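Worksheet: the structure to be examined is printed underneath.
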Amino acid sequence: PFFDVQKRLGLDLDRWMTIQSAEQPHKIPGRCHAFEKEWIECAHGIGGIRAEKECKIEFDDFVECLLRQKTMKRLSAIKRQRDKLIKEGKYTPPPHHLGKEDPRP
Amino acid sequence: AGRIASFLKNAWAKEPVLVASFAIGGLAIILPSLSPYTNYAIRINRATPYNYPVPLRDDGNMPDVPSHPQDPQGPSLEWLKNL
Amino acid sequence: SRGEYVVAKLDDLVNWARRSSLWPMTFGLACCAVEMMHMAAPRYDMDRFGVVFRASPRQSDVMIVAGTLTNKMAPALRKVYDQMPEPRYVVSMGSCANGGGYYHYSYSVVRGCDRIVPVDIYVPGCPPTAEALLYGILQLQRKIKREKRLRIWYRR
Amino acid sequence: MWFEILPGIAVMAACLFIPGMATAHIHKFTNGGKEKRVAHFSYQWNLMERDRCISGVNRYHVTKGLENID
Amino acid sequence: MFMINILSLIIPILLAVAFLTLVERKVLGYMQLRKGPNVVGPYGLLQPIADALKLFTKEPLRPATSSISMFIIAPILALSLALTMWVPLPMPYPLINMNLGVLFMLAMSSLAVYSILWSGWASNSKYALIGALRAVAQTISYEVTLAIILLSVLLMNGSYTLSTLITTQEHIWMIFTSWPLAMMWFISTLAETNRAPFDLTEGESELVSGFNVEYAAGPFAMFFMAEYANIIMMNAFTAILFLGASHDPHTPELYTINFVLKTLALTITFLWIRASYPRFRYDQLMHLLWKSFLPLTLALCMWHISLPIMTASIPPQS
Amino acid sequence: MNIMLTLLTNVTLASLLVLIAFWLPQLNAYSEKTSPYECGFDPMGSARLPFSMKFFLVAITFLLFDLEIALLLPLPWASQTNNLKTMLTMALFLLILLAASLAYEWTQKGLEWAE
Amino acid sequence: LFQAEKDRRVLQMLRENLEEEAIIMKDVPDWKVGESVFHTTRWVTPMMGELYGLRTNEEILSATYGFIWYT
Amino acid sequence: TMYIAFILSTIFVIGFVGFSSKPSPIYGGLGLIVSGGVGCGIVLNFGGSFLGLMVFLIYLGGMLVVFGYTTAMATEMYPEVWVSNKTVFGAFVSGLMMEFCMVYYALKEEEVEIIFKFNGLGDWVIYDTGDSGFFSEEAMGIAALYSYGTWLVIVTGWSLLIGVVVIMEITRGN
Amino acid sequence: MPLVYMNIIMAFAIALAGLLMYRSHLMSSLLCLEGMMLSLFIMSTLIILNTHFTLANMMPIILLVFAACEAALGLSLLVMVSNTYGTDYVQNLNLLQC
Ligand SMILES: CCCCCCCCCCCCCCCCCC(=O)OC[C@H](COP(=O)([O-])OCC[N+](C)(C)C)OC(=O)CCCCCCCCCCCCCCCCC
Ligand SMILES: CCCCCCCCCCCCCCCCCC(=O)OC[C@H](COP(=O)([O-])OCC[N+](C)(C)C)OC(=O)CCCCCCCCCCCCCCCCC
Ligand SMILES: CCCCCCCCCCCCCCCCCC(=O)OC[C@H](COP(=O)([O-])OCC[N+](C)(C)C)OC(=O)CCCCCCCCCCCCCCCCC
Ligand SMILES: CCCCCCCCCCCCCCCCC[C@@H](O)O[C@H](CO[C@H](O)CCCCCCCCCCCCCCC)COP(=O)(O)OCC[N+](C)(C)C
Ligand SMILES: CCCCCCCCCCCCCCCCC[C@@H](O)O[C@H](CO[C@H](O)CCCCCCCCCCCCCCC)COP(=O)(O)OCC[N+](C)(C)C
Ligand SMILES: CCCCCCCC/C=C/CCCCCCCC(=O)OC[C@H](COP(=O)(O)OCCN)OC(=O)CCCCCCC/C=C/CCCCCCCC
Ligand SMILES: CCCCCCCC/C=C/CCCCCCCC(=O)OC[C@H](COP(=O)(O)OCCN)OC(=O)CCCCCCC/C=C/CCCCCCCC
Ligand SMILES: CCCCCCCC/C=C\CCCCCCCC(=O)OC[C@H](COP(=O)(O)OCCN)OC(=O)CCCCCCC/C=C/CCCCCCCC
Ligand code: SF4
């Protein structure tokens, strides 16, 4: 099934492209380089079963960085609450959010 | 060499476009391995600073790592300036 | 009147372009077609007048029926004339296209292309010289100048 | 003779002058008398955004310097 | 102001197209011992106006068997892409400064290929169908050859930006650097623009106006305008790519004058070639590029890959 | 934004020209005016019948060579790498394989149109 | 210098968004202001909406498409 | 926001609905060209200009051959258009209505499909704040096909050469 | 997950359903087959660009290469079928029975 010719011969045919924490041209970092590095270092050398059981925190952080589901949920909840508040006039946005400020350079 | 010369003469009279194409391709394959400027091109590409040169923490045993850009230690592009 | 003045100037503008941008269909029969070629030749250059041959009847404004029209050819001439879009003009050249020509009393000749298509200009000769056909083209241009379509519409 | 072809070529050349000259004039007019800033990369775009922010008039071409620091 | 810039790019281009029609008429006339248009106005200067007014006041017709939806779209697409090809050209400042200023040209040309195909197929006529398939074959050939030639020439440049082309050609000319690729590119531009000796899609002698046989009045004038705009645009592209003019940032008018002069010279060369040469046969055109241009083009591409590396003259990325 | 604006401008101008062409001039259309053109005679068959394509193989080879040019396009940026030897070797490998494909097709007569 | 300015601007925008969130979500039954999403306490770059979320459409559009649309 | 990428995605799905309803190969190629152009626009907005222009050029070249092949081998007396045939129009309307239901439900509420979970928020919010400098990350990654990716170049070149040999062998006949 | 991915996956699903439901022409099914890989290309590049997977930008090009290799294979089979039967109809591919 999986004849590991690359590891037997010391070659490198696709392991460079396997992950986004590997050597990238001009040292361009991935979006979730730190999270992937943490998950990989947690899961290295313990097997798939133990990696799934014990590195679940790292994997969940990696998935959150990748997809941004909980972050988008929080942003949507904040947007809905703000829209409800401004519908009844309870909330008045500040000038620095309305565009009447001088931002930082 | 007579047979080769006859073949080249016939091809030049029949297919000058193909003769020129094969000659140009052969030159393009052979010449780069002999030119001394290939290493110069490699060094010029290596000397281009696309990203920031992150400094190194000085532990007191780095004699060849400069403390200032203008110090004598470090890479020099004097070879590139006159080229 | 303002309206009559506007329509008169507009009609002059429209008639000027059609007058000075004649695109005859590339269509010749028999001997009379050679005089069209000599008209297109450098000596009597038709292109300098705005007269340019085009192959497709759709992109043609004038049909020069130059040569003998036979019974076997009349349906095709009528078909190309119909497929030529309006405004369209017809110049018959030579005795064969005008009337019967040398072959008037022939079983297989149409005694006049005006039995098939409405003819605007008749050029007499056998064959008419390139100068004669150029005169016919200029006469057709002058005939175009006198058209008052917008003036007819306004007073309609 | 052959020089009667020139007026048509002259008119065509004059017509072809208009796009480039008009574009240059509009670039100078809408960028404060200077060349339109070319931002082919995120660094140059960030430079333009910082120029907008520091100007205080929301125009990047309005440049400030030593008289602005002090 | 950007809308004013767009109009300033558009309207003079159409004026130049009409007066290019006039110039081609007169140039062919004087090369054929005639005079060309000299009656309508002073030296025939009103002839394009007369022709345009006649075409747009004449009746257009839709064939009974035609597919009307694609019958109308084809001139729209042709004219729209002919006008769109002019937005990234620097004279010396492009209207739209695209980072990849050449791939856009290639993509829009490949899209403008389909205008003649859809016009021919929608016409539901045999000559239109034959013209459409001739367009298919011609597009195949010139597409592959243009792609490789352009890749090599821009490989000498460093990027796909035309202002970068100007900066590269500041000192000398790409015609001096790579004249064989220049000649093959000129032939490829002729084939792309469907000019003689490659006017196969609209070959008057063999087909009755080819793909636009059923097009009359305004829609035909749109095809003519698109063709001439493409001619001028491709000559301008060739001038920028191979004949680099000097640029002075403070007085950019000199670059515009030089660019327009070079473009006019190349367009007059186009008309000169049309007057001089007979017409190809589309299978002979296909065998001309694939069997003659393509091998030499591959060889020159290898040579122009190896040359900057072996001479330590790789252009800057930015 | 600007590219969308100029595309809209060009398309709008073309559509306005079509509208002017199809609504300004006088229209008088009948059955014979709009009939298909076959040089004056009625067409024998239909233009929608199959039309033989003698260069069918060359079209497929064009597809493959379009892939080849797609692969070869990013070369100008690939010349800025430090691994110039590897980049040059692989670029020449691709070009030599393309040349070999062309030579094989030519020698096996794939470029000759069907009779 | 640009790195320092970027850090200060990002932190300032984050603090302004946090204060506005505290003002807005003051009656929500179960809601912690400024609560992190990730388990780790390591610094995480705000994606695009944590900075330009409660701001004008002009600023949002400039931040998210200004470079690409600039020609 | 301006929902530009979302509108382009909707147009992409509409073109797919068309050429999947499959009136005739001519209109299928037209719909595929439209879809390719709109996808080029989508990926241009997302960041990949080279990839967008590349896919647009590739599909423009590919549909050119398909036009020649449908004129030669896939044409009939009366080619079918979307309103020509009951089945084609039914499939087209079904696809349009399914897309409309999906977009409307997703806009009104965070639609959790039976397959995946999609959140109704900004494609602009999903972007990243960080940026590169003086090089295009997409361009460098694509150009890395020669420095890196030596294996990919070899397998791709061999696949193309074998494809030429294969198309020679299949159409040999006899 | 944003709605752009939803639309791209929906496009792939529509293209897949179009392939699995033939009408008459083998060419139309080939067009549906080409649409599936177009959707795959768009989805893959949208995922890669968003996550800044720099070395993954070469994957879509290989995807396109093998897509058009499959297209070439399908066109060759279609021309052989057309030469055999006179039309590219899939109803004529019934000599073999399951
Ligand atoms: C809501 C709009 C719907 C429009 C529908 C119709 C068009 C569909 C295509 C998408 C919209 C147009 C392109 C938008 C680009 C947005 C991003 C942008 O501005 O990028 C700047 C970039 C700038 O270039 P760059 O990307 O190299 O540079 C990056 C930016 N700087 C300069 C700062 C480094 O623009 C381009 O690259 C231009 C690409 C144009 C591509 C056009 C593709 C579509 C062509 C027509 C398709 C349909 C064919 C139909 C055929 C006939 C059918 C009947
Ligand atoms: C270089 C330019 C390129 C693009 C050019 C685009 C076209 C530009 C055309 C401009 C001139 C148009 C003149 C009207 C053409 C009418 C055509 C036609 O069919 O006419 C016959 C028809 C004849 O109608 P009828 O009533 O006889 O119809 C019955 C016909 N039978 C019997 C056969 C059934 O005339 C009309 O319908 C009347 C048209 C009136 C004018 C319409 C508006 C024109 C506006 C032009 C600009 C005005 C500017 C202001 C005034 C300036 C004064 C100095
Ligand atoms: C600015 C937007 C323009 C949109 C397109 C409009 C057409 C004109 C396009 C530009 C070119 C103009 C060239 C010069 C003028 C010629 C064209 C022109 O104006 O034609 C007008 C047409 C001309 O009719 P025509 O068929 O004789 O056009 C040929 C014109 N000549 C003679 C010059 C060649 O006239 C009308 O439309 C008059 C009636 C107007 C009201 C009815 C309109 C149609 C029905 C719509 C409603 C249907 C439901 C009714 C109930 C509603 C309430 C429930
Ligand atoms: C964009 C919309 C369309 C634009 C249309 C307007 C732009 C063009 C303006 C008109 C173009 C010029 C028209 C005038 C041509 C003058 C040329 C001159 O030679 O013509 C003379 C006079 O011209 C015509 O006779 C008069 C009609 C043309 C002018 C019409 C009046 C102006 C109309 C409105 C113009 C402005 C348009 C405003 C509304 C759009 C007589 O010529 P003719 O006798 O034959 O030739 C005989 C042969 N010869 C020379 C050897 C002896
Ligand atoms: C019959 C069934 C079996 C057939 C098997 C055929 C196998 C085809 C031959 C290919 C075998 C592998 C060749 C080498 C593949 C790449 C190996 C690469 O990793 O080596 C690099 C050395 O590269 C090579 O020296 C370049 C030239 C390799 C030869 C290319 C031309 C010859 C190709 C022959 C193919 C023939 C067609 C197939 C025939 C069936 C150095 O290692 P690396 O750790 O990464 O370096 C780091 C570089 N970084 C930093 C950028 C990542
Ligand atoms: C950019 C502006 C320059 C424009 C150049 C315009 C040139 C003048 C205008 C000429 C009119 C063009 C219209 C004619 C179109 C047809 C052209 C044509 O037929 O040429 C193709 C003709 C082949 O046709 P046949 O002979 O019939 O078939 C051969 C059968 N065995 O010849 C060609 O293929 C041209 C390709 C070769 C030209 C390139 C010259 C090669 C010389 C190589 C030396 C240089 C080597 C490079 C560097 C090497 C290392 C130092
Ligand atoms: C090289 C790719 C193939 C690798 C091995 C695969 C073998 C199995 C697959 C076969 C497909 C390969 C087909 C290509 C070669 C077959 C073509 C052929 O048979 O003929 C070759 C053809 C025959 O011409 P004639 O006989 O004169 O025509 C007479 C007409 N009346 O001549 C040729 O050789 C043309 C080939 C040109 C390109 C060949 C590519 C190989 C060249 C390799 C050189 C570079 C090596 C690198 C070394 C670097 C040293 C520093
Ligand atoms: C280097 C300094 C010294 C300079 C001198 C060196 C020059 C000599 C170099 C080698 C010369 C090569 C000569 C081979 C060409 C002659 C082959 C030949 O004649 O083939 C005959 C025959 C004639 O064509 P017909 O179809 O019969 O015409 C129709 C007749 N009614 O041609 C063929 O069959 C095609 C042969 C395969 C074509 C190959 C073209 C593709 C390869 C060229 C691309 C660029 C070169 C590739 C890399 C080259 C280096 C590996
Ligand atoms: S009129 Fe005289 S010249 Fe003309 S076609 Fe008749 S016989 Fe010939």
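Numbering starts fresh at 1 for the residues of each chain in the structure tokens, the chains themselves are lettered A, B, ... in the order given, and ligands are numbered from 1 as they appear.
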List as an mmCIF file with N, CA and C atoms, in the first residue's frame the protein and nucleic acid residues near region 74-90 of chain F, meaning an atom at most 6 Å away when only C-alpha atoms are counted, but skip any in the same chain fewer than 2 places from it.
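Output below, filename out.cif:
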data_model
loop_
_atom_site.group_PDB
_atom_site.id
_atom_site.type_symbol
_atom_site.label_atom_id
_atom_site.label_comp_id
_atom_site.auth_asym_id
_atom_site.auth_seq_id
_atom_site.Cartn_x
_atom_site.Cartn_y
_atom_site.Cartn_z
ATOM 1 N N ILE B 42 23.904 33.940 -9.568
ATOM 2 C CA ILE B 42 23.429 33.321 -8.333
ATOM 3 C C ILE B 42 23.697 34.233 -7.143
ATOM 4 N N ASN B 45 21.341 37.304 -7.184
ATOM 5 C CA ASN B 45 20.019 36.946 -6.679
ATOM 6 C C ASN B 45 20.050 36.699 -5.176
ATOM 7 N N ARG B 46 21.139 36.113 -4.675
ATOM 8 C CA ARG B 46 21.273 35.876 -3.242
ATOM 9 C C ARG B 46 21.440 37.177 -2.469
ATOM 10 N N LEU E 155 10.567 37.671 -20.716
ATOM 11 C CA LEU E 155 11.610 37.090 -19.884
ATOM 12 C C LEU E 155 12.877 37.923 -19.960
ATOM 13 N N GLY E 158 11.771 41.069 -17.261
ATOM 14 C CA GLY E 158 11.786 40.850 -15.824
ATOM 15 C C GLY E 158 10.409 40.663 -15.217
ATOM 16 N N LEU F 72 4.847 27.289 -18.654
ATOM 17 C CA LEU F 72 6.039 28.083 -18.933
ATOM 18 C C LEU F 72 5.882 29.562 -18.602
ATOM 19 N N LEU F 92 14.562 23.889 -18.980
ATOM 20 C CA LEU F 92 15.024 23.221 -20.187
ATOM 21 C C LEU F 92 14.422 21.831 -20.320
ATOM 22 N N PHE F 93 14.173 21.145 -19.203
ATOM 23 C CA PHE F 93 13.504 19.849 -19.255
ATOM 24 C C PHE F 93 12.109 19.978 -19.853
ATOM 25 N N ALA H 143 6.180 30.532 -8.967
ATOM 26 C CA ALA H 143 7.529 30.430 -9.507
ATOM 27 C C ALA H 143 8.361 29.386 -8.784
ATOM 28 N N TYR H 146 9.855 25.533 -10.048
ATOM 29 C CA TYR H 146 11.129 25.118 -10.617
ATOM 30 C C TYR H 146 12.222 24.951 -9.573
ATOM 31 N N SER H 147 12.312 25.857 -8.598
ATOM 32 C CA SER H 147 13.260 25.665 -7.506
ATOM 33 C C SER H 147 12.825 24.504 -6.621
#
Long-range neighbours of residue 46 (chain G) as an MDAnalysis selection string, 12 Å cut-off, only C-alpha atoms, 2 positions minimum in chain: (chainID A and resid 31 65 68 71:72 75) or (chainID G and resid 7 10:11 13:14 17 36:37 43:44 48:53) or (chainID H and resid 125:130)
At most 6 Å to chain A: residues in chain D, only C-alpha atoms, as a ChimeraX atom specification: /D:50,53-54
Nearby polymer residues, ligand 3, at most 9 Å, only C-alpha atoms and all ligand atoms, as a list in words: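 For ligand 3, the residues inside 9 Å are residues 59 of chain E; 16, 17, 18, 19, 20, 21, 22, 23, 24, 25, 26 and 27 of chain F.
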Would you export the selected residues with C-alpha atoms as a short mmCIF file (atom, residue, chain, number, x, y, z; two decimals), in the first residue's frame, please?
data_model
loop_
_atom_site.label_atom_id
_atom_site.label_comp_id
_atom_site.auth_asym_id
_atom_site.auth_seq_id
_atom_site.Cartn_x
_atom_site.Cartn_y
_atom_site.Cartn_z
CA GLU E 59 -31.14 49.46 -42.64
CA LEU F 16 -25.90 52.08 -27.53
CA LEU F 17 -24.36 51.83 -30.99
CA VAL F 18 -26.37 48.65 -31.63
CA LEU F 19 -29.56 50.36 -30.43
CA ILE F 20 -28.92 53.35 -32.71
CA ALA F 21 -28.21 51.02 -35.63
CA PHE F 22 -31.39 48.97 -35.12
CA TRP F 23 -33.80 51.86 -34.40
CA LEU F 24 -32.69 54.94 -36.38
CA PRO F 25 -32.91 53.77 -40.03
CA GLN F 26 -36.09 52.87 -41.86
CA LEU F 27 -36.93 49.16 -41.87
#
Residues near residue 42 (chain F), cut-off 10 Å, only C-alpha atoms, skip fewer than 5 positions along chain, as number ranges by chain: C: 76, 79; F: 35-37
Save out the residues we just selected, N, CA, C and O atoms, as a short mmCIF file (atom, residue, chain, number, x, y, z; two decimals), in the first residue's frame.
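Output (again_17.cif):
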data_model
loop_
_atom_site.label_atom_id
_atom_site.label_comp_id
_atom_site.auth_asym_id
_atom_site.auth_seq_id
_atom_site.Cartn_x
_atom_site.Cartn_y
_atom_site.Cartn_z
N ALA C 76 -31.49 34.63 -59.95
CA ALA C 76 -30.37 34.94 -59.07
C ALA C 76 -30.18 36.45 -58.92
O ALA C 76 -29.90 36.93 -57.81
N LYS C 79 -32.80 37.64 -56.63
CA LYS C 79 -32.53 37.20 -55.27
C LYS C 79 -31.49 38.09 -54.61
O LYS C 79 -31.65 38.51 -53.45
N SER F 35 -33.69 36.20 -46.29
CA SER F 35 -33.34 34.83 -46.62
C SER F 35 -31.83 34.62 -46.53
O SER F 35 -31.06 35.57 -46.68
N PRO F 36 -31.39 33.39 -46.29
CA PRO F 36 -29.95 33.12 -46.26
C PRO F 36 -29.31 33.37 -47.61
O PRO F 36 -29.95 33.24 -48.66
N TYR F 37 -28.03 33.73 -47.58
CA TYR F 37 -27.29 34.09 -48.78
C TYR F 37 -26.47 32.89 -49.26
O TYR F 37 -25.69 32.32 -48.49
#
Protein and nucleic acid residues within 7 Å of ligand 8 (only C-alpha atoms and all ligand atoms) as a PyMOL selection string: (chain B and resi 8+11+14-15+18-23+25-27) or (chain E and resi 295-296+298-299) or (chain F and resi 96+99-100+102-104+106-107)
Please, could you write that set of residues out with N, CA and C atoms as a PDB file, in the first residue's frame?
ATOM      1  N   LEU B   8      24.876  17.376 -42.710  1.00  0.00           N
ATOM      2  CA  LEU B   8      24.691  18.780 -42.357  1.00  0.00           C
ATOM      3  C   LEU B   8      24.466  19.638 -43.595  1.00  0.00           C
ATOM      4  N   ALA B  11      20.881  18.954 -44.785  1.00  0.00           N
ATOM      5  CA  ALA B  11      19.898  19.566 -43.897  1.00  0.00           C
ATOM      6  C   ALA B  11      19.879  21.080 -44.052  1.00  0.00           C
ATOM      7  N   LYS B  14      17.963  21.778 -47.110  1.00  0.00           N
ATOM      8  CA  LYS B  14      16.570  21.357 -47.021  1.00  0.00           C
ATOM      9  C   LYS B  14      15.815  22.028 -45.880  1.00  0.00           C
ATOM     10  N   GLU B  15      16.359  21.997 -44.665  1.00  0.00           N
ATOM     11  CA  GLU B  15      15.664  22.479 -43.471  1.00  0.00           C
ATOM     12  C   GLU B  15      16.551  23.448 -42.698  1.00  0.00           C
ATOM     13  N   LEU B  18      15.073  24.183 -39.170  1.00  0.00           N
ATOM     14  CA  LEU B  18      15.348  23.139 -38.190  1.00  0.00           C
ATOM     15  C   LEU B  18      16.816  23.133 -37.781  1.00  0.00           C
ATOM     16  N   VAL B  19      17.726  23.352 -38.733  1.00  0.00           N
ATOM     17  CA  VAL B  19      19.147  23.400 -38.391  1.00  0.00           C
ATOM     18  C   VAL B  19      19.415  24.526 -37.401  1.00  0.00           C
ATOM     19  N   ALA B  20      18.868  25.712 -37.679  1.00  0.00           N
ATOM     20  CA  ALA B  20      19.058  26.844 -36.780  1.00  0.00           C
ATOM     21  C   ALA B  20      18.439  26.576 -35.416  1.00  0.00           C
ATOM     22  N   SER B  21      17.249  25.971 -35.390  1.00  0.00           N
ATOM     23  CA  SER B  21      16.583  25.693 -34.122  1.00  0.00           C
ATOM     24  C   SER B  21      17.400  24.730 -33.273  1.00  0.00           C
ATOM     25  N   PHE B  22      17.899  23.655 -33.884  1.00  0.00           N
ATOM     26  CA  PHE B  22      18.691  22.692 -33.128  1.00  0.00           C
ATOM     27  C   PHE B  22      20.008  23.301 -32.663  1.00  0.00           C
ATOM     28  N   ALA B  23      20.641  24.128 -33.500  1.00  0.00           N
ATOM     29  CA  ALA B  23      21.873  24.786 -33.076  1.00  0.00           C
ATOM     30  C   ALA B  23      21.627  25.714 -31.894  1.00  0.00           C
ATOM     31  N   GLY B  25      19.158  25.569 -29.684  1.00  0.00           N
ATOM     32  CA  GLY B  25      18.875  24.766 -28.505  1.00  0.00           C
ATOM     33  C   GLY B  25      20.124  24.157 -27.899  1.00  0.00           C
ATOM     34  N   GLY B  26      20.996  23.601 -28.742  1.00  0.00           N
ATOM     35  CA  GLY B  26      22.239  23.042 -28.240  1.00  0.00           C
ATOM     36  C   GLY B  26      23.108  24.077 -27.556  1.00  0.00           C
ATOM     37  N   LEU B  27      23.191  25.278 -28.133  1.00  0.00           N
ATOM     38  CA  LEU B  27      23.935  26.350 -27.481  1.00  0.00           C
ATOM     39  C   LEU B  27      23.303  26.725 -26.146  1.00  0.00           C
TER      40      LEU B  27
ATOM     41  N   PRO E 295       9.185  25.435 -33.797  1.00  0.00           N
ATOM     42  CA  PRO E 295      10.505  24.904 -33.406  1.00  0.00           C
ATOM     43  C   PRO E 295      11.521  25.993 -33.108  1.00  0.00           C
ATOM     44  N   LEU E 296      11.648  26.971 -34.005  1.00  0.00           N
ATOM     45  CA  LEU E 296      12.565  28.074 -33.760  1.00  0.00           C
ATOM     46  C   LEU E 296      12.144  28.881 -32.543  1.00  0.00           C
ATOM     47  N   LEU E 298      10.662  27.650 -29.811  1.00  0.00           N
ATOM     48  CA  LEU E 298      11.119  26.888 -28.652  1.00  0.00           C
ATOM     49  C   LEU E 298      12.621  27.039 -28.456  1.00  0.00           C
ATOM     50  N   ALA E 299      13.384  26.977 -29.550  1.00  0.00           N
ATOM     51  CA  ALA E 299      14.831  27.140 -29.446  1.00  0.00           C
ATOM     52  C   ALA E 299      15.192  28.514 -28.898  1.00  0.00           C
TER      53      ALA E 299
ATOM     54  N   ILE F  96      12.414  20.864 -23.606  1.00  0.00           N
ATOM     55  CA  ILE F  96      12.868  19.715 -24.379  1.00  0.00           C
ATOM     56  C   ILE F  96      11.749  18.695 -24.528  1.00  0.00           C
ATOM     57  N   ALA F  99       9.445  20.038 -27.171  1.00  0.00           N
ATOM     58  CA  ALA F  99      10.049  19.824 -28.480  1.00  0.00           C
ATOM     59  C   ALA F  99       9.954  18.364 -28.898  1.00  0.00           C
ATOM     60  N   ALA F 100      10.144  17.444 -27.952  1.00  0.00           N
ATOM     61  CA  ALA F 100      10.035  16.023 -28.260  1.00  0.00           C
ATOM     62  C   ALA F 100       8.614  15.649 -28.652  1.00  0.00           C
ATOM     63  N   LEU F 102       6.425  17.676 -30.076  1.00  0.00           N
ATOM     64  CA  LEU F 102       6.244  18.206 -31.424  1.00  0.00           C
ATOM     65  C   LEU F 102       6.936  17.329 -32.459  1.00  0.00           C
ATOM     66  N   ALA F 103       8.157  16.881 -32.163  1.00  0.00           N
ATOM     67  CA  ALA F 103       8.896  16.043 -33.099  1.00  0.00           C
ATOM     68  C   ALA F 103       8.200  14.707 -33.315  1.00  0.00           C
ATOM     69  N   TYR F 104       7.696  14.099 -32.241  1.00  0.00           N
ATOM     70  CA  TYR F 104       6.988  12.831 -32.371  1.00  0.00           C
ATOM     71  C   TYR F 104       5.739  12.990 -33.225  1.00  0.00           C
ATOM     72  N   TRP F 106       5.082  15.323 -35.461  1.00  0.00           N
ATOM     73  CA  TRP F 106       5.484  15.630 -36.827  1.00  0.00           C
ATOM     74  C   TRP F 106       5.949  14.380 -37.563  1.00  0.00           C
ATOM     75  N   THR F 107       6.764  13.549 -36.909  1.00  0.00           N
ATOM     76  CA  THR F 107       7.298  12.367 -37.574  1.00  0.00           C
ATOM     77  C   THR F 107       6.237  11.292 -37.762  1.00  0.00           C
TER      78      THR F 107
END
Those of chain D in DSSP alpha helix (DSSP H), formatted as an MDAnalysis selection string: chainID D and resid 6:29 42:55 66:69
At most 7 Å to chain F: residues in chain E, only C-alpha atoms, as a PyMOL selection string: chain E and resi 6+56-65+76+79-80+83-84+124-126+140+144+147-148+151+155+158-159+218-219+298+302+317
Coordinates-based distance that separates atom 50 (C, counted along the ligand's line) of ligand 5 from CA of residue 65 (chain B) (Å, one decimal):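 Between these atoms lies a distance of 24.8 Å.
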Near-region 89-97 of chain E list (7 Å; only C-alpha atoms; drop same-chain fewer than 3 positions) as a PyMOL selection string: (chain D and resi 20+23-24) or (chain E and resi 86+162-163+252+255-256) or (chain G and resi 71)
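Between CA of residue 64 (chain D) and CA of residue 32 (chain D) the separation is 13.1 Å.
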Shell of 10 Å around region 55-58 of chain C, only C-alpha atoms, local chain residues under 3 positions omitted, as number ranges by chain: C: 23-27, 61-63, 79-86; E: 59-61, 204-205, 207-210, 212-217, 220; F: 33-34, 37, 39-40
Selection: 7 Å around residue 243 (chain E), only C-alpha atoms, excl. self and same-chain fewer than 2 positions, as a list in words: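 Neighbouring residues, sequence-local ones excluded: residues 173, 174, 175, 239, 240, 241 and 245 of chain E.
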Keeping only N, CA and C atoms, write the selected residues as a compact mmCIF listing (two decimals), in the first residue's frame.
# COMPACT_ATOMS: atom_id res chain seq x y z
N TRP E 173 17.04 49.04 -27.68
CA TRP E 173 15.76 48.54 -28.15
C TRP E 173 15.71 47.02 -28.14
N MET E 174 14.55 46.49 -27.75
CA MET E 174 14.32 45.05 -27.85
C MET E 174 14.40 44.56 -29.28
N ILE E 175 14.22 45.44 -30.27
CA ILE E 175 14.44 45.03 -31.65
C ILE E 175 15.90 44.68 -31.87
N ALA E 239 5.18 48.31 -30.84
CA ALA E 239 6.07 49.45 -30.68
C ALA E 239 6.58 49.56 -29.25
N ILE E 240 5.69 49.39 -28.27
CA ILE E 240 6.11 49.44 -26.87
C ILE E 240 7.06 48.30 -26.55
N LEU E 241 6.78 47.11 -27.08
CA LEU E 241 7.52 45.91 -26.71
C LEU E 241 8.91 45.88 -27.33
N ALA E 245 10.87 53.91 -26.47
CA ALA E 245 11.14 55.34 -26.54
C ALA E 245 11.68 55.84 -25.21
